[PDB]
Structures are given as structure tokens and as C-alpha cells.
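1. this block holds the first chain(s) of the complex, placed as they are in the complex; more will follow:
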Amino acid sequence: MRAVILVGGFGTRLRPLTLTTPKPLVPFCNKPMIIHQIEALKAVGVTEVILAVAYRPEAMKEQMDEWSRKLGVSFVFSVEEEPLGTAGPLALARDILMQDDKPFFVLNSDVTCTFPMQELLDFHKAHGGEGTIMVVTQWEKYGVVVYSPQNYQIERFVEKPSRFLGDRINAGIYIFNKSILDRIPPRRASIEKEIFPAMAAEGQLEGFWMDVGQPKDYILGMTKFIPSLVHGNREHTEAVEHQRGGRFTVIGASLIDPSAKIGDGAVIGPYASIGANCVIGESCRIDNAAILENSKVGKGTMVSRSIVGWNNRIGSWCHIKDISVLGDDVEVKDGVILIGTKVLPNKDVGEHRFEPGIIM
């Protein structure tokens, strides 16, 4: 009946875009990352969502703007504990307890997946069935390796192993009972306080899954996510939007906000997202690139596999390719080629950069 969406975190990996807005609130395709999870939780039977915000408590205004659909008015913060925020639910053990006794969800704010949230009870094992499903299944460099046999047990939990194999990792979605919040409230920073060795069956995905918290991970997660959204979002059959401005062609599926304007002959490539009020030039090429909001693009740029931040002003014949994240209010002069260079907010780029790097 309640969920704990961990939103407090510096967002160091997605740095060029998180210098302006918290990582939960940077849009993924056309909505903020937390909004997808909040919509899934609205689909399942919960009403109140509590947020543990630490990095930037000024997300309250944006949440109130998005507060119309769901009652997510709850907001708690005293002092920076941890981006992982194990004490997050523990610091708010009183609110979860006295209102209701039902199990409470715990989710990361930078995770995208099918979001099952099944109405099936799954009362023999809470987190084992959900989160990382048992047949997740990717590189072991990031995320915790989970060793689970066919009988849904867990005995090992290593956050960042050096080389331990175990391609299965947690999806980042957890469901806990009221005993967990009362089990280990250490009152300080800790990492998820998983004491799974002690027990099995109590207390503690088939679909795409991606930890959308890094630029390349952002692009790959968008690539995996856009095809799965064709069933429900706006249902001219090549993509979600094919006629918004003039006459443009689309290759593959793409998400284009009806408020955007597209020039004559632009080629919106596979798995691309165009934000609200965005303007796209005559003969652009948006190949697996995300344009956030209010950005303007000249005639003939090819922004490919990169991210264009809010209120940008891209030049006329630029190349923004590889993994190059542009910050807020970044203006790029005509003919500038950016390849894997991250630009901090409020900068003007007039020089070419053929190697990965950072622009202050």
C-alpha cells in the first residue's frame, strides 16, 4: 500500500545532466525517470509514495506539479546519510508502521524495466521472485551478484565483486515487510543492510531491464525501452509519431512529443526521443539520441547516440555523436563536431573535439 522510492543521491555518473536537476527528475524518454515507476505503482494497488530526497530538496515543486495523478506528497530529510539510503526507510520507520501493516515496496529511481508489480501475492518469497527473476543476466562489473538456486534461496551478496561470475544481479526493485525496517536501524550510513544469509522465504525479471544511470547505459536502456512501449503509448505505422511538422521520414520506432516541431526531410532514427517544445531543423538525423526539452537544432546536424540537454541551441551543421552528454543551456556553433565530449551547463562550444573529454 506504500512504496519507498529512493531519490536521494548525487547522480555522479550522469553528472552533466544532474548538475541542474536530480537524477530521478532527468527525463528518460519523455517523462522523468521516477514518473515511470510512480505510474507502475499507480497501476498496482498503492496510493502513498514516500521519497527519501537528499541531494536536492527543491524537487518538491516538480513533484507537486506531478502530484495530480498520485498522492506522493511525503518528503523526509534530516541530513545526508547515503545515496544508497539504507537508513532512508529506517529514518522513517514511524510513518510506514502506524498507518498500515502491509508490505512496502522499495525501488531505485534510476531503474527501467517491464515493471511487473504483479497482483500475485508471492507470499512464500518477497524479493526472490520479483527484482532479479530466476530462470539481471548481464555484466558483473556493476550491481550485486545474486546466487539463487532453483528453490529461490539467497546466501551470497557481494556488492562489487572483482571477478566472481554470477551474471544474475538484482533488478533494483525490492519488497519488504515491516520486520525489515525494525530489524537493523543502525541510524547511520550503510549499504542495503542485507542479512539474507540468516533467512529464506520471508522479510526479503522477465522483460528488459537496464540501470539507467550512466550516459551509455541511458542510451542502451532507451533503445531497449522504446520498442516495449509501442503497445500502450499512442499505439504512420513505423513509429509512435510520424507527422508533426512538414513531412519527415522515420526509421524504426521513436517517441516525439506532439508539442515538438520537425523540419522538412528530417530522419528521426531508431529509438530516438524528442522533448516538449523542441525544434528540429530541416534535414537533421536523430539516431538513438534524446533531446530533452526546449532545445533547438539547425539544418543538417546528426546527433547520434548522445544526449542533448534542456534549453540547448545546437548549431546548423554540427556533429554530436558517440556518447557526448550536453548540459543545460549549452550553445554549439555551426560546424562544430563533438565526439564523446560532455559539456557542463551554460557553455558555448566553438572548437572541434575529436576525442572523449570534458568541456568546462
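-> Thanks, I have it. Residues are numbered from 1 along each chain as shown, chains lettered A, B, ... in the order given.
2. contacting residues for the nearest residue to residue A:27 once chain neighbours are set aside?
-> Among residues not flanking residue A:27 along the chain, residue A:292 sits closest, at 5.9 Å (C-beta to C-beta, 6 or more residues apart in numbering). The way it works is simple: take the backbone N, C-alpha and C, and place the C-beta from them, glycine included. Residue A:292 makes contacts with A:17, A:26, A:27, A:275, A:307, A:308, A:309, A:310, A:312, as judged by C-beta atoms under 8 Å, 6 or more residues apart in numbering.
3. tell me what the third one is bridged to.
-> Under the criterion DSSP bridges, residue A:27 forms beta bridges with residue A:32.
4. nearest residue to the residue at minimal distance from the centre of chain A other than its sequence neighbours?
-> Central residue of chain A (C-alpha atoms, centre = their mean): residue A:110, 3.6 Å from the mean position. Using C-beta to C-beta, 6+ apart and skipping the chain neighbours, the partner closest in space to residue A:110 is residue A:213 (4.0 Å).
5. ok, residue A:38 next?
-> residue A:70 (5.7 Å).
6. so that neighbour sits against residue A:47, correct?
-> Yes: between residue A:70 and residue A:47 a contact is recorded at 7.3 Å, counting by C-beta atoms under 8 Å.
7. looks to me like the residue nearest to residue A:27 is in a strand.
-> Yes: assessed with DSSP: H, G, I helix; E, B strand; the rest coil, residue A:292 lies in a strand.
8. that older thread, more neighbours: which of residue A:70 and residue A:47?
-> Legend: neighbour count by other C-beta atoms under 10 Å for residue A:70 and residue A:47, higher for residue A:70 (17 against 13).
9. ok, now which ones touch that one?
-> If you count contacts by C-beta under 8 Å, 6+ apart, then residue A:70 has A:38, A:41, A:42, A:47, A:49 around it.
10. the last one contacts residue A:40, doesn't it?
-> No: the pair formed by residue A:49 and residue A:40 falls short of the contact definition of C-beta under 8 Å, at 11.0 Å.
11. ok, those two, which is more surrounded?
-> Per other C-beta under 10 Å, whichever of residue A:49 and residue A:40 has more neighbours is residue A:49, with 22 against 19.
12. helix, strand or coil: sort out the more buried one for me.
-> Relying on three-state DSSP, one would call residue A:49 strand.
13. since we're on the nearest residue to it once chain neighbours are set aside, how many residues are nearby?
-> Closest residue to residue A:49 apart from its sequence neighbours, by C-beta to C-beta, 6+ apart: residue A:72 at 4.2 Å. A count of neighbours around residue A:72, defined by other C-beta under 10 Å, yields 21.
14. correct me, but residue A:72 touches residue A:63?
-> Yes: using C-beta under 8 Å, residue A:72 is in contact with residue A:63, at 6.1 Å.
15. put chain B on too:
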Amino acid sequence: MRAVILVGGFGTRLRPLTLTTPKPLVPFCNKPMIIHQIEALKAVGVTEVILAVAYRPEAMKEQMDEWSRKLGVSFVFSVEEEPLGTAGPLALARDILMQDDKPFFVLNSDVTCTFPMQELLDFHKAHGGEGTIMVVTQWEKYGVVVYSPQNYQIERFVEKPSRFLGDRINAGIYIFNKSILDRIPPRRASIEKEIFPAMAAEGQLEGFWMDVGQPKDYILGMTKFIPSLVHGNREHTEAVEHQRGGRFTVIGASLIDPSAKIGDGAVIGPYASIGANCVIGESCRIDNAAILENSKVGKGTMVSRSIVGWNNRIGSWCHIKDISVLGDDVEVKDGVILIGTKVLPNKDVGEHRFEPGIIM
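-> The block that follows adds chain B to the chains above:
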């Protein structure tokens, strides 16, 4: 009544384009380099032009194609003497003498200028007044430094001085009397056999001038030459051609052959030349670039300050910038960025190149 246009030479400096056609026959703006000089000679009083062709005697067919206007049928070659071809006029001393006794012009085939060819006799000093006029006035690295006082005498003649100052250099256009061809015919290779120390008067440019024999020199000479052509060729007032295909905008003056096709929204930049039968994409940018013939360009490329050879097929969203000469029948894949890379004929480019170099 006769002229000797030196056309025999390997064209090593303009190599990527001269591997297919001799340097005289590579088009400058819309016509071969020799054709401008032949037209100027036709403007002045002369009928027969003799060519000393060494590198490729296959230029005969193209000359016969251009033979309609002028009687340039003469062609002489026995064995490779020199690209400078001092023995050129000397090896054909019999034809110039017996036919006529009038002074004969001598020109380089890679020189562009105002081409005065004044009908004034200027018989007090033949080459002093013409060629390098005395007030040429450029770098001393290339060309011979000519030291001329206000009385029009030549004393020193050093082909490639190390550091001798003397910004004045010869224009490359010479006029000689019948004594020169009978003075020193050594029957072998030599360098212009200039014996100016012996004589001062009659023994033998106020305008733009450029030795168009190098890629960067080609671009700069085209830049200096197109504005001077606005008076004569085709006299919508921004450039020579402004409406040939769809609706495109032009910045500055440019030469576009009526046989070409231009897309909707292309921006033909300052001092650009488009060849016959060439096709330009929807939103290209032709900035100080020359398209030779039959080349096709996709939607949104920016070919800037570079040369695109015959029968090319440029990709859709390329960037051919800096001084990057493309050879005959070179195909470039979409999104390829070429910066100062010369491509030999009959090659396919699919990889980026951010540094000057050669593509085999």
C-alpha cells in the same frame, strides 16, 4: 601570332586529381585551367597555340573536343625533358620560326590572373611590363624572386631562394622574340634558361594572381578569381546562379553550371563551384568548395574548403572540411568526417579521419 602553353608536367603537387587527368585539364571553376588561358589568348590577337605535352598525350581527345573555338591542334613530344620544359620551345624551334616572325607567348598551364594580354605594343621591354608587373608581391617560398627597379631591368633570377626577401615573383606569363628560341637550345633539360644578366631592354599583373597548382592554392585562387568573373559570365543578384533546383539560398558569389541540380534549402557558400550534371542534396553547405563533375551529394553534408573529384558519390551526412582533395570515383559512406585527407581514385571511405593524411 603564336603561343606556347607549357602543358607537359606530372602535376605532383595536385596529385589526387592529376592521377586521372593532366594538370592543365583539371577544371578550375567550371572549365579546365588551360581553357581560361586559351580564351584570353583568343581575346588578344592569336590563332595557333602549340602545346608541349609530356605527362599524358591522351589529352589530345579533350583538346579536339575543345578544338572548335581555336586552332590549338599543334602537339609535339619526343621524350620527357622537364615539367618546366625549357627545351619545349627549343625542341620545336622550326615550327615557330618558318611560319611567322612575330613574338610568341609562353605561359604556364597552372596560372590564373586577370590575363591582360594588352594590345599595346610594349616593345621597349617584352617581359618586364607583363608577367610580374612592377608597382607577385607574395611569399618567396615558391616561384623566382625577380629584382626589378623602376627602369624595368632584371638582374637576379633565383628559382627557389632560401631567404632572400623580394616579394615580387614572376606571374608565369612570358613573351619572347625569335632570338630566345635560337639563343640557348641545349637539347636537354634546363630551367627557363633565363640570361637576364646579359640584357636589359626588349631582348626578350595589376589584378589578382595565383599559382593554381596546389590544393590550398587552388582554393585560394578560386576565392580570388570568382569575384573578378562577375562582370562577364552570366552577369537572384547575390551570385551567378541562384535558382536552378527547388529553392536554395546563396551566400556571396558562386558558379553553378545550369546542368546541375540543387536541393531544397542548400546553402551554396562564398566562392563555390558546382560542375556539370552534379547533384547537391537537400541541405548541403558548399563553402569555398569545388565540385568537379557528375558528383552526387547526400542530405546535409558540409564540404568546406576542399575539392570533390569527378564521378564521386558523397554520403548523406558527411563533413569534408579543411583541405581534403577527393579523387575520381571516390565513394564516402554516411556520417564519415574527412578533415584534410586526400583520397586516391577508386576508393571507398567508411572510417573517420580527424587528422591530415592520405587514404590509399
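16. re-run the earlier check on the contacts of residue A:292 with chain B in the model.
-> A:17, A:26, A:27, A:275, A:307, A:308, A:309, A:310, A:312 (C-beta atoms under 8 Å, 6 or more residues apart in numbering or on different chains).
17. which of the helices or strands spans the fourth one?
-> In this assignment (DSSP states H and E), residue A:275 forms part of strand A:273-276.
18. please apply the same query to the first one.
-> Assessed by DSSP H and E, residue A:17 sits inside helix A:15-18.
19. after that helix comes which helix or strand?
-> Trace forward from helix A:15-18 with DSSP H and E and the next one is helix A:33-43.
20. tell me what that next one is packed against?
-> The elements that helix A:33-43 packs onto, with contact taken as 3 or more C-beta pairs under 8 Å, 6 or more residues apart in numbering or on different chains; DSSP states H and E, are strand A:2-6, strand A:104-108, strand A:111-113.
21. quick one: which of those is nearest residue B:256?
-> Counting by C-beta to C-beta, residue B:256 lies closest to strand A:111-113 out of those; the figure is 50.7 Å.
22. can you give me the offset of the closest one from its chain's centre?
-> Here the centre of strand A:111-113 is set off from its chain's centre by 7 Å, with C-alpha atoms, centre = their mean, to the nearest Å.
23. please enumerate residues in contact with it?
-> Applying C-beta under 8 Å, 6+ apart, the external contacts of strand A:111-113 come out as A:28, A:33, A:36-37, A:171-173, A:205, A:207-212, A:221, A:225.
24. which of those are buried? Put it as a ChimeraX command.
-> Buried subset of the contacts of strand A:111-113, written as a ChimeraX selection, criterion 16 or more other C-beta atoms under 10 Å in any protein chain shown:
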select /A:28,33,36,37,171,172,173,205,209,210,211,212,221,225
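25. what parts of the stretch 151-300 of chain A come near chain B?
-> The stretch 151-300 of chain A comes close to chain B at residues A:264, A:265, A:281, A:282, A:283, A:284, A:285, A:299, A:300, as judged by C-beta under 8 Å from any C-beta of the partner chain.
26. residue A:143: which of those is nearest?
-> Using C-beta to C-beta, residue A:285 comes nearest to residue A:143 of these, at 33.6 Å.
27. I'd like to know how many residues surround that closest one.
-> 26 (other C-beta atoms under 10 Å in any protein chain shown).
28. follow-up on the earlier one: so for the helix holding residue A:17, what gets flagged as buried?
-> Buried-residue list, helix A:15-18, by 16+ other C-beta under 10 Å: A:15, A:16, A:17, A:18.
29. before we move on, what about stretch A:343-356?
-> Taking 16+ other C-beta under 10 Å as the criterion, stretch A:343-356 shows A:343, A:344, A:345, A:349, A:352, A:353, A:354 as buried.
30. got it, and stretch A:216-226?
-> Neighbour counts over stretch A:216-226 (16+ other C-beta under 10 Å) mark A:217, A:218, A:219, A:220, A:221, A:222, A:223, A:224, A:225, A:226 as buried.
31. which of those lies closest to chain B?
-> Checking the buried residues of stretch A:216-226 against chain B with C-beta to the nearest C-beta, the nearest one is residue A:219 at 16.5 Å.
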